[PDB]
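As a convention, Cβ positions derive from the backbone with ideal geometry for all residues, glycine included, and neighbour counts pool all protein chains shown. What follows draws every value from the coordinates through simple rules; no lab data is involved.
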Number of protein chains: 2
Amino acid sequence: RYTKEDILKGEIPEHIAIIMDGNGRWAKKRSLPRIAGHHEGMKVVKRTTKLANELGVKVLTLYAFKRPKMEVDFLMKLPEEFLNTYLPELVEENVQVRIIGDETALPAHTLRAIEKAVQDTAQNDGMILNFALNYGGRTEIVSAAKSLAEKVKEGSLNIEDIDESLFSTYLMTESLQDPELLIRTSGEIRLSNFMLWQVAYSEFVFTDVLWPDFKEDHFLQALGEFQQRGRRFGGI
Amino acid sequence: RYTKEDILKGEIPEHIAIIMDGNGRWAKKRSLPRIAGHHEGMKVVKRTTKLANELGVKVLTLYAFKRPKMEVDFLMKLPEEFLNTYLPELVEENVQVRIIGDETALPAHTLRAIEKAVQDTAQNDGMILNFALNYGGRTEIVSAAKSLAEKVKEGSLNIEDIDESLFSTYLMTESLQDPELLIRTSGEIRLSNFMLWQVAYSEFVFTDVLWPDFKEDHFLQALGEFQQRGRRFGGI
Ligand SMILES: CCN(CC)CCOc1ccc(/C(=C(/Cl)c2ccccc2)c2ccccc2)cc1
Ligand SMILES: CCN(CC)CCOc1ccc(/C(=C(/Cl)c2ccccc2)c2ccccc2)cc1
C-alpha cells in the first residue's frame, strides 16, 4: 500500500535494527538447500542496505540468529563472499561498515576480511552498516558490568558516577543511538536476546515474511506501519 | 474462541508478566473521569489474579506505566484500597504478595500497607502476585551492576565470578524465574523499559484491548495465542 514516495513524505528513523530470520524456512519452502537460503539472505542484506541508504537512514543494524559442520563453515565464509562482492558498491555509497559481537568466535580468514572492510570504510561519513555476529544481549550487559567493575577496582571510576548514561557507553553500541525501529521476520514474536537495553523505547514491527522474501516492498510496508504509529490519536 | 476447558488442556506458563495500560484511554472511551479508569483497573487486577491462580500459574507480575497532583495522590492510595478490600480474599487463596521497584517513591502510609500485605503473605506457598511500582528495567540493570561493583571493591567478589547466572541474582526478580509470557495492552507494540533482561526469551502477545476491558475471556485468548505458538511446525 505505502509506496516509496509515500514513505519519503514521512519520518525516516535514524536507526533501524532488523532481525533477519527464516533463511532455513525459506529454503524448505522453495525445495532448495539451506546454504542456498543463506546465500539469498546475504543478497537481501545488500538490497536492504541500498534501500536504507537511499531513504536517509543513518545506522542500520543486522542480526542473523545447532548446525552440521558444513553449514557452519559455509556461513563463516559468507562474510568474505559478501565483502569480495559488494564492498566496492558500498564504499561507492559512502557506507561505513562495523561489526558488534564476539569476533573471537570467527576464524582468522573471516576476521581479516571483516577488519579490512571496516578499515576501508572508517574514512566514510555516510550510512552505518552494523553487523551482529555471535551477539548476545545478556552477555553484552554482563561484560559492560564487568568492565565497570574493573574500573572501580583500579580506582579510576567511583561507583556513584555510574548511571544510565555512563552504562550505555560501556555497551557494544557505544557511539551509537538506540534503535528507533526494530523489525523481526520469520513470524516469531520474541526478542531472542538481541539489544535488550537498546530496544527499551523501540517500536517493534513483526512480520511473517521470511528474510529472503523481504525485498523493497515489505521494508516500505514496515516503515508505513512505523509512520502510522507515529500519527495515532487517543494519546498515551 | 478458546474456552477455559481448552486452555486447561494446554500448557500453563509458570510466570506471566502483563503490562496493564490504557486506563486513561478507557476513561475517555466511556466518558468517565480518569480516576474512575484507574479504579476499574484496580478491580481487573483482582479478576485476573483469581483467574491466574485457578489456571495453575505460579508467578504473576503486574506493571502500570506526567499527571496533576490529584491523580497522583489518588493513584498512591489505590494500593491501600486494593489491600483493604481484597487482602482477605487473597490470603484465602494462598497468594503471596510481593513488590518490585523503588519503594522510596511511595509515601509512608502506602508503604506500610504494602509491607503489611507482604508480611501477612510470606507464610504462603501459592501463587505470587508481583507488583511493579516505580520500576525501570534500565535502572534495575544499572543498580545490579553497581552492587556487583561494590562487592568487587570490598573484595568479597572476584570479577571472573560474574556471569549471566550471578547477574540474574542481582536483579529485583532474584528468587524468580523469567517470564514465559509477556502480555501488553492498549495497542502499543513496545516494551517501555520493562524487565529488559527478563523477556529475552519471552513470547510477546500484544492486544488492542484496554486494561479495564481485559477480563476472563481476553486472558484466555492470550493464553490460546501462546499455546498455539508452542504447537507450530516449520521448525526454528
Ligand atoms: C556459523 C557462525 N555463526 C554463529 C552460529 C556466526 C557467523 O554467521 C554469520 C555469517 C555471516 C553473516 C552475514 C550475512 Cl551478510 C548474512 C546475512 C543474512 C543472512 C545470512 C548471512 C555477514 C557477512 C559479512 C559481515 C557481517 C555479516 C551473519 C552470520
Ligand atoms: C502515582 C505514582 N505512580 C508513579 C507515577 C506509582 C504508584 O502508582 C500505582 C499505584 C497503584 C498501582 C496498583 C494497582 Cl492494584 C493498579 C493496577 C492497575 C491499574 C491501576 C492501579 C497497586 C496496588 C497495590 C499494590 C501494587 C499495585 C499501580 C501503580
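Of note:
- Taken as a whole, the structure places residue B:184 among residues that are more than 8 Å from chain A (Cβ to nearest Cβ) and out of contact with any helix residue (DSSP H, G or I) (no Cβ under 8 Å at 6 or more places or on another chain).
- Residue match in the stretch A:199-213 (condition: away from chain B (no Cβ under 12 Å) and of a type in the set (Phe, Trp, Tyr)): yes
- Condition check for residue A:24: farther than 18 Å from residue A:129 by Cα and crowded, with 19+ Cβ neighbours inside 10 Å: yes
- Of the residues examined, residue B:14 is not one that is surrounded by fewer than 19 Cβ atoms within 10 Å (Cβ to Cβ) and more than 22 Å from residue B:198 (Cβ to Cβ).
- Counting only helices (runs of 4 or more DSSP H) wholly contained in the stretch A:58-173, the ones carrying 3 or more residues that are among the polar types (S, T, N, Q), within 14 Å of chain B (Cβ to nearest Cβ) and more than 13 Å from ligand 1 (Cβ to nearest atom) occupy A:137-154, A:164-169.
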